[PDB]
Structures are given as structure tokens and as C-alpha cells.
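Quick one: this structure, given as C-alpha cells, is what I'll be asking you about.
Chain naming follows the written order as A, B, C and D, and within any one chain the residues start at number 1.
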Amino acid sequence: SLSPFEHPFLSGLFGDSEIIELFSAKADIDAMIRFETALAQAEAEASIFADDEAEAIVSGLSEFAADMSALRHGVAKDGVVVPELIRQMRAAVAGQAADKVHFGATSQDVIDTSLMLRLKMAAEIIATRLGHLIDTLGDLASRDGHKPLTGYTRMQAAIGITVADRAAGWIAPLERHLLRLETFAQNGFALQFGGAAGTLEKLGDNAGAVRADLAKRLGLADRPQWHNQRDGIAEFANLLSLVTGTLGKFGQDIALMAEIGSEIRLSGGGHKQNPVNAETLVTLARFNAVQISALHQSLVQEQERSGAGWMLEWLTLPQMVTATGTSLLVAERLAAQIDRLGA
Amino acid sequence: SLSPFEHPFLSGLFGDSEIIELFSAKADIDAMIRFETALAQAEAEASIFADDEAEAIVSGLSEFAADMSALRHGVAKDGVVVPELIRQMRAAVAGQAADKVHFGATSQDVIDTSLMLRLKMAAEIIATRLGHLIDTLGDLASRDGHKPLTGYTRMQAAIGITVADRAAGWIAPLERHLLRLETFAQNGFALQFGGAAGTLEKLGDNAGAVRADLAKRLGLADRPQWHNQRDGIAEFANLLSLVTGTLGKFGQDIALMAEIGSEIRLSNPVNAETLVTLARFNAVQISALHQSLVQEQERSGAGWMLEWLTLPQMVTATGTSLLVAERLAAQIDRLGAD
Amino acid sequence: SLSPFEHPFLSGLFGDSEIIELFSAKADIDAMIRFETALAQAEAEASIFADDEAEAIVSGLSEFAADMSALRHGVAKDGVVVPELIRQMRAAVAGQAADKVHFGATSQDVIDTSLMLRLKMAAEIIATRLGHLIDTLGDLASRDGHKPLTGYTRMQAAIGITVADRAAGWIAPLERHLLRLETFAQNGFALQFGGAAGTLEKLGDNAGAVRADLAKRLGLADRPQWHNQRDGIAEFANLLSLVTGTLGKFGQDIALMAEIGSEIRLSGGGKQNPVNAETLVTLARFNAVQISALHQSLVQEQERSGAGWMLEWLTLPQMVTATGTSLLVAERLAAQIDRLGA
Amino acid sequence: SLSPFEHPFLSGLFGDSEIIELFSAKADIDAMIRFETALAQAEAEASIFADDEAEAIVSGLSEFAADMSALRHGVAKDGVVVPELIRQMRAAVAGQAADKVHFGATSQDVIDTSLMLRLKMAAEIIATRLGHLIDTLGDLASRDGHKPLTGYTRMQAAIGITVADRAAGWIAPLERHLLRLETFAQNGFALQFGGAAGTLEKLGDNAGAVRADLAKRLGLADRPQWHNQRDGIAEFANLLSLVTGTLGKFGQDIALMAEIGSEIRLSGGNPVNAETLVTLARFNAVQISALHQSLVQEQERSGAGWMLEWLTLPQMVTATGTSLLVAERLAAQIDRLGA
């Protein structure tokens, strides 16, 4: 496979099944079933059609099963999944409430909302891991903290510090990242619902009521459509890379200390002690410091909708969040190997 | 010169002398003067030395202009300005208070504080012009926004919208970036005060007091030393690219509108293209301040210096873009069909 | 899945199973086996051990089946496939010939050489499609080259041009890229044979002779080891982004021509979105981001750097894949263009 | 100033006045003058107009000085220097021969040609220096390359290698870049001459011959216009970065041998140069992406793509100039390698 993150043997190191299944094709589809189920619900709520009309759709989709073979033909002809998906969803709905699934929505609405739902789940996992790592890193500090360390400034031997002083550089920003993450989790995971041209034209002055209700049913923030406004994505991608950068600084520190060898002991048995995990921390930092540029180039999205900037997001964002989760997984592993800090 | 922002003729497009003066040698020097004046006052307040010793530093460095040749030759000897700067700074203070300048401080303290101080002025200017352009664009939205527009999704003509619909996409994210900038400027501009190896080993228990009071006097946040913690710099740089990126979308919309040419009137759209340019510039440059997150040990020259090479041009590109978008808005005689 | 190239549905636009198969574990292992077979042959040729011992290493590996699950645990602990891979390869060899596999070689030697063998097969596929695309675009440029276009400069109408005039900007850079690819293929796909810390300390004075034999046997180039020297990788990745940039320039032109919609006729019934056209711009921008990672990994410190080296693992296959997809997508695009010009 | 390469104090570390001089406004205006001079001559020679007219243009421009203030104003008005420049250049020329200056040519023709003119001189200084450094690192190696080193693989102590071993990862990639720059310098620096939309439509049938002669006088390659074909720039940008990236590897190693401090010795008055090389390497590795994002230049001219090269490329060549200067300072400090 292309990415080490999913590779049959390289995921020995780079793996993260938990994060990666959020970006599985079944996970994506299931959120698009949840979008189309809630949209009918919200429209019945806001008097666009009746309730036994919405129930007809809701239990049609109940258990819907996608034909992955025809969906792939769907992105062949269309560039996009949703025409084919909707086409099958309608065939899954008895009567002529079938005509009314997807009403008022566009392909970007459902795709980006799906993305948002799963980014939300992904950030929860990341936060929990971040909290747990801060604690792990704190446990090291409370064990070895008063022990002396030789300072190193601009690649030279500096005056003596302590273990807790150097470890303040590992823990303190991770703590700030956890704060940034939880601030973002309030507003950031948003309903995408703009319709064909971003004006919700199939709903008139009922657009507001539908958007609010559909957002509530999906556990997502209500803000008006953001088809070309990719700031939120970019901002998110920045904290994903913020996390990898700090962890990479910690990895580089651990590797350096191992090469000098006098003030760290690593473990594995009860022996080569290659700081592979430490090195992999640097690699993941550098990867995400590259990928963040994709997400920023993708702020320039012309007109009402832009495939060129939107697809660059598809190419790159999932690997950024996976870089972040794997860096958390790898750092937690490196810390378990650190048996002594200090002289 | 290498950069079109500062270039003797290319500045007619890319210039922004107001944001650039903030990165001059003189504005850096003056901010470093404000660091050591105030550091002396903070330590006098703390009771480390006396009080006429601080008063000597404060007024000794009141008329201070530095020999730049020697400064350059000092970074040519050291890699870093401050050991020579401090030498001249010491020669202007009479008596034993000359010994006390820079006490407890390192080079990274004075360099990073100076930067934060000038970045804060930079961010105010930026915040103002951003607030202004929201009003300028909002004006065009209420002047012209009743008018029909051919909508365009994925490079094909779609259903009709109005000017007010498309204007929303330019305005709304800018009001988000004002909000993001105002959130950041509460305490994103920090004092750097760590000492040689980030432990303020010269101050003892008094480290706490001095650091709070030195931050107080400079209008900077009191966050514990962040020599190898550059998370906030990267966050700040992200904001800088957020604005350029939104204005780049706006430049792109105006360029496409000019090319089709039946739903805009402009008084050829050089300004619109430059918005796309500056957007992609900063979108590249954001990478540099993320590769500089990996700052090894207690001080990395490698990571730190990459910030000297990239950060000003991020801020200037945001400044300039804010200037250029305003010139573009003034060019717009009409949005919408006839 | 994570990349759209490999994704269960999105592959229907971003997919390229032919190029991607060259990055699958099965094809990677098969290159590694190939390296280890030829290594054994080359040492016994310079007479480091016996021939029917090397011949035991040949035929032992001929039926070899990897424990995929144990290979995984192998990089979990070691960080690299090879110590375990070699351990499974010794299980595949009967007799004291099993002591002689991977003699003189290091972990990076097998990995980098395995990549080089595979990059060679990708580049021959890329170069093949490139030449055919130039030929297809050349047929667009002959059908409609006489018809006039409105010139556009700096997002404004300029003077009249012809279709041939604007087609030259799609075709001429591709012909130059084809030439760049053929040139690179002569030396650029090297052997990696350095040993534990680059100097082939096991081999002694048989160093150069064995490396030459190993290079000839595997159809790669006889250069000294380049554990910490990644300039050829960077130079190749630049080529990958050069192709995508130009095809991006192509796809953007077609996208505008479709928006204005008077000087083009696109076909099928796929509305009528220029999806393939936009995709071309996307892939161009992708590789244009990625190329910087390959450049960040030029700084590989000391005798071997895990940090620099693993960054290449993360990013490089997606560069070759994007370039390969770009050629497919451009080919599909041009097959939808029925008329350029008024 | 915005960049440390030009900075009143920081250029004590990052300065290259000799590379930076090629990017000055004066040295640019000089190049563009040469373009219009050579254009008029090439047009007289291809019989587009008469000798007497071409000579009036030559002698007008021979004592021509530019109004910088009005040029500044001119790009504020037009987005580009040339219209004002050409307007100023017509005033230098007497008679109706003034109408002929700039004939057939467009703003990008004179701008990109000028870039190409100065980049060729950048690349000659860079090649020369690169050859000289290759020598210094070789003098360094054969002085000390019998002395053993502790090898280091993936940040752990490995077996014994010698000083010459490690130095091959320094010298052998720089020798390949010298060859790459040599190769590029043959037909890599190209005359840009296409006209309003790239079709040289003013020149009719004489286009090839005007262009060939225009290219010959300016010492640049004759090739068809590349107003939207920026792969020559991209390739040159790759070369720049390749150089700084190898020098970055060199610096990183030197700093690690400095930190360990047992298998090196530095005459100092430590490893600032060593870290600077790493800085310039990760800088160029950043910038290379802009030049690659600039490959997408739409239609017959794209201001947005084109002006990204304006922002980034002068600093890439300067970083490559400075990295070379900086490695040469560092190499002059190393008195011993090995135990």
C-alpha cells in the first residue's frame, strides 16, 4: 500500500486502526445515511412536507446497504459519490417519498457534513489520548524530576538544569494543545447545508429552521454554509500539526539524549535500543509541517464551489489526522521505554 | 532587492511601508532598548539591586543609538546581535549600574521579546485594516447586493444568485479572522524571559516576581519561558495565512468575474491576481514555521533562524494583501448583471 | 481508506491499480527476495563462499512464503522489516547455506534497492503513458489547430490566437518531460549496497567487484552507497511534480474554456462539469506540496537517519501515484474533448 | 528589513552582496535596456525596419537613465515596470524611430529575459564557488581521512568508519550538483520572446530569425516562448535546493560532532555556521513548493502564478549563495576531524 499508516507490515510502526477506520468507506457512507435520515426529519419538523412522509424515508434508509461497485462507477461518471448513493437510497424508499430524499441539499452538503461528523469522533479520540499522554509524561517528571541534566543550547554543552525543566518543554505545550482542541470542539464541527449554489433556494424563508434542526439532530454546530470558506479546515489542520510538532520536538530530544547516552536509559526485553519511536516522532512532525500547506492552498476556492481546492483536501486531510493520532500512539510507546532520565 | 514588498519599483504593487518599518533594524533595536530598560526596572522593584541603578540604565539608554557596523560585525563574530549590542548599551550607562544591564537575561530573551513587541504593533495595524475592509466590502454588498449574479459551481454556470450571496463568502470569514486575531492578542504576545538554559538561574526565587513585572511594563503576556516552544508563533502564522487565503479567494472571484466580463465593472485586474498570489505565498510559508516546531534541546539555532527568514514576510504579505484588497474594492464600480 | 487513490469508491476517479500494485507488499517482498538471491550469487562469484550454498539460497527462496503477520510484529519491535524477513528467509533455506543470506548487507540496502527496482518499473509505465498522451494531444492539435481561439492574458481577452498556439503550451513541456524521464532512467535507479555503516566492512577488498556484479544482476546502477545521499530521490520527485504541474496547467485551461463554454465542446453527459479538468489542477497542487517533503529529507544526518529516510516512505509513493493518475485523468479528459475553437 | 540576507546587522551571518547585487533594481534595469537594444538590432538585421532607425534606438538607450520614482508609480498603475519604462525609453530616442522600440515584444518578454540574464550570472558565481568548496572539503578530507570516527546509524553509536568515509557523503553529492548546474547552463537560460499572446504576430514570417538573433546577442538560448511554461524555472529551483540540502546535511553532522565534541576540533571566537546550513536547507526545501505551485499558469499569461516566482526565487538563489559562503566559513574552522 501507498501509506505506511495502512501498510500490511509498516503499520507495525505507523499503524492506527482506531483512527483509520473513521476514514473507511463504510464509516463515510454511514454518516451520509445519517445526513439523509436527519434531513428528512428536519424538513418534516419545519413543515416542508408531512411526518408520515418523513417516516417513509427514515425507515427506508433504516438499514440501507450500498453497492460499492456502482458507487465507484458513480465517481467515474460524476466525480462524486452522492448522485449514485442517492439513486440507491431512493430505490431503498417505498412510495414517492423516494423523490423527496436529498431535497434542498447538494453533493457538497452531505460529503462535508459526513467529514465533519467523523472529524468530531477523531478529535475526541485525539483529546483523550492527549490527556493520557500528558499524565504519562507527568509521571516521568514526578519520578525523575529532581535529577540533574546537562543543558544543551545551540548544539553545545550548557549549564546544568534538571529533568523537570527540560520536560516542561514536552508537557506544557501539549497542555495548550488540549485546550485549543476542546475550544475548537465547541464550534468547529459544523453542518454543511447550502444547496445547489449556497443559497438553500429550495426552502425560501424556511431555510433557517431546517438548518438549525438538522444541525441539532447531527450534534453539529449551526452556521450558514461554508462551501468556499475553508478556514475551519485550515485551522483544524494547524492544531493537528501543532500536536505533531511538539511531540516531534520531544522525539528529537530523546534521540539526541540517547546518542550522547549518559543521561537516558531505554528498554526492550526485561538489546539494540534504537530510538526508532523517537525518530518516528520527528518524521511525523515533518510530514504534517508539509501537509498543512495543502490545506492552506485550499483556502483559494473560486466561486460558489471549487473542485480543485476541495479535492486537495480529500487527498491530504485524512493523513494529517492520522499522522496526529499515530504520533500520539508512538509517543506513548517511547515514554514506556524511558526507564531513567538524569545523570 | 530580493523581495517585491521592499523593491524600489515593485513596491508600487507590493509595498507596505507601515508594516515594513516594524521589521527595520532601528525598530528591533528600540524594542531591545525597551526590554533592557524595563528589565532593570523589574529587578529594582524585585530588590535585586538598588533603585538609582535602574534609573541609571533607564535614562542612560534614553537617547541610545547603536553603531550598526559593529552590530553586524558582532553577529559576524557570534551569530547573534546582543552580546555586541549589550556592550555598547553598557558603555552608555555611568557607574556600576552598567554591570547590571542584561542580568539574568540571555540573547534569545531579548531577541524574541523584541519580536513579540513588534508583532503586536503589526497585529494592531492588521486588525484595523481588516475591520475597515469588512466595512468597505459590506458597503459594496448593500450598494450592489440587490443585483442578479450568475452562480458558478465547479467551473460551470449554475442557477442565479445575488451579489449579496457571493459577498457573504468574502465578508463572513474576514469577521471570523478579526475575532481570531482579537482572541489571540489577549495573551499571544509573550515575554521571553528564560535565562541561559531556560531556568533563570541568576534570579533564584525572585524569578517569579521579575517575570510578571517585566511582562507588565511591556504590555506582554506573562507565560513561563518558551525558548523551544514555538507553538504560538505557528498559531500566529496560521492566522496570517488565514487572512491571505480569504482575500485570495476574493481576488480569484473578481478575476473570474473580469474574464467573463458581464457581471462586473472595474476602473487588467492586476489587483485581483495579486490577491491569489499572496494567498499561495503565505500558504507555502506556513510550512516553514511548522518545521521550526522541532526545536531540539534547550535552544536550537536551526529552527529559530528559519523563523527569521520567514515570519516577517508572512506578516507583510498579510499587510500588503490587506492594502491590495482595499485598492481592488475601490476599483469595483459595479457587481451584477445589467 | 486514507488516500483517495486507494479508496473503495474515489478510486473511480483517482485510481491507478497498475502503478499502485508496485507499492503493494507482495511486490515489495519480491524485490527484496530478488536482491537477496543476487547478493548470494555475487559473493560466491567473487568466491566468498561455496556455489551450491549460493544455489541453495537461490532455490530456497524460489518457493518462499512470507508470514505477513510476523513481518508486522517485526517492524513493531525493530522499526524495519528486514531482520525478521531475513529470519524467515533462513527458515526457507536448508543447510549451512542459511547462514550466508544477507551477508555483508544492511537493512537499508535491501529496502532502498527494493524501492529502486520498483521506481524503475513505475517510470517505465509513466514514460509509456507520457509518449501516448503527447500523441493524443497531438491529434487534438491537428484536428482543430486551424480553428481560432480568443487569447487570454492576465484574466482578460487579448488578441486572436489559434488552437495550435495554445496546444503547444500543453505539448512542448510534456515532450521535455519525456526527455527528462528517459535521461534519468539511464543512471538514476541505483543499487544500494553499503553494509552496516556504509563501508562494506564484511566484504573487505572484494567490495567493488561484488557491488558491480549485484548491480548488473538486478538491472540497476553501480554507484557507491547513498545511505545519507538522497539527491537522486529528490531529483526524481521533482520530475514527478513537473509532469503534474504541466498537466495541471492543461486541466486548468480546459476548465476555463468550459466555463466560458463557447470555444470548447465536452462530451458524454459527464450539468456538464469538467471534473477531470479540475482533478488535474488538484494533482498538480498535491505534488507541488509533497515535493517539499522529499527536499526536507536531504538533511539525513550521520551514517543513517531514520527521521529523513522515513519521511520519504510517507510521501514518495503518493508522488509517483499522483503522476500516474494524472496521465490517466488527462487521457480520459482529452477523450471527452470533441472540438476546440469557435 | 524583511530578510536577514539584506539586514543591516543579520547579514553578518546571512549576507551575500554578490549574489544580491544581481537582483538589485539597477542591475535589472540594465538587463532590460540590453533587451530593447538587442531587439531593435535584431529587427534591423531581419529587415523589419532600416538601419538608421535601429541606430537611433541604440544611441538613445546608450545614454539612457531611468526615473525610479515614475517606474514605481508605473507598476502601481500597470502592475509591471515595462510600460512606464518603454514610455521613458521613447523619450531618449529622436525622430520617428522612437515608435519602433519594443516592437513585437510584450511586458513579460522583457521581464523574464532580464531574469534569465541575471540568473545566468548567478549560476556562474554559484558553480565557481561550488567547485572551490569541493576542493576545500577535499583538502579537509585527505588531511584527516585515516583518522577513525565513531559511525552513527539512526542516532546510535555504530562501528568504526574513517574520516574519508563520512566525507564522501559531503563531497560526492556536491560534485553531482556541479555537473547538474553545468548541464543546465547549456540551454537552460532562455530568451523570452513571444509577444502579446505568444504568437509573435507583429513579426509575421520573420519571427524565427528575429528571435534567433535576439537570443544570440544576449547570450541566451533560442527557444519558443514559455510565457506559461515554467518548467525551466522549477528545474532550476530544484537545483538550488539540492545544493543547500546537501550543505544542510554537512552542517547537521558538523553540529552533532561539535555537540559530542570528541572527534572534531573548531577554531572559533560554537557551531553557528553548522546550524545556519541546516536553516538554509529547510528554507529552500520550503520555497521549492512555491515554484512548483507556479507550474499551473493558465491561458496565455497568468499573473498569479507568474508573480509567485517574483516573491520566492530571488531568495532561493540567495539562500543557495549564502549556504555556499557559510559552508566555506565552517570548513575553514575545522582543524581536526577524527580522534
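Throughout what follows, a residue touches a chain if its C-beta (ideal position, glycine included) is under 8 Å from a C-beta of that chain, and two chains touch if they have at least 3 such contacts.
Per UniProt, the chains are A, B, C, D = 3-carboxy-cis,cis-muconate cycloisomerase.
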| item | value |
| --- | --- |
| Distance-maximising chain from chain D - centres being C-alpha averages | A |
| Distance between the centres, which are taken as Cα means, of chain D and chain C, whole angstrom | 29 |
| Chain B and chain C: spacing of chain centres that average the CA atoms, whole Å | 41 |
| Chain D residues counted as touching two or more neighbouring chains | 79, 152, 154-155, 252, 255-256, 271-272, 275, 278, 282, 286, 289, 293, 302-303 |
| Chain-level touch network, classified as line, ring, star, complete or other | complete |
| Chains grouped in pairs wherever the two touch, ordered by label | A-B, A-C, A-D, B-C, B-D, C-D |
| Complex interface listing, chain A residues touching chain B | 79, 151-155, 158-159, 161-162, 165-166, 168-169, 172-173, 176-177, 180, 196-199, 201, 224, 227-231, 234-235, 238, 241-242, 244-246, 248-249, 252-253, 256, 282, 285-286, 288-290, 292-293, 296-297, 299-307 |
| Chain B partner contacts - residues on chain D that touch it in the complex | 1-14, 20, 23-25, 68, 71-81, 252, 255, 269, 271-272, 275-276, 278-279, 282-283, 286-287, 289-290, 293, 302-304, 307-308, 310-312, 314-315, 318-319 |
| Residues of chain C touching chain B in the complex | 152, 154-157, 255-256, 258-261, 271-275, 277-278, 292, 296 |
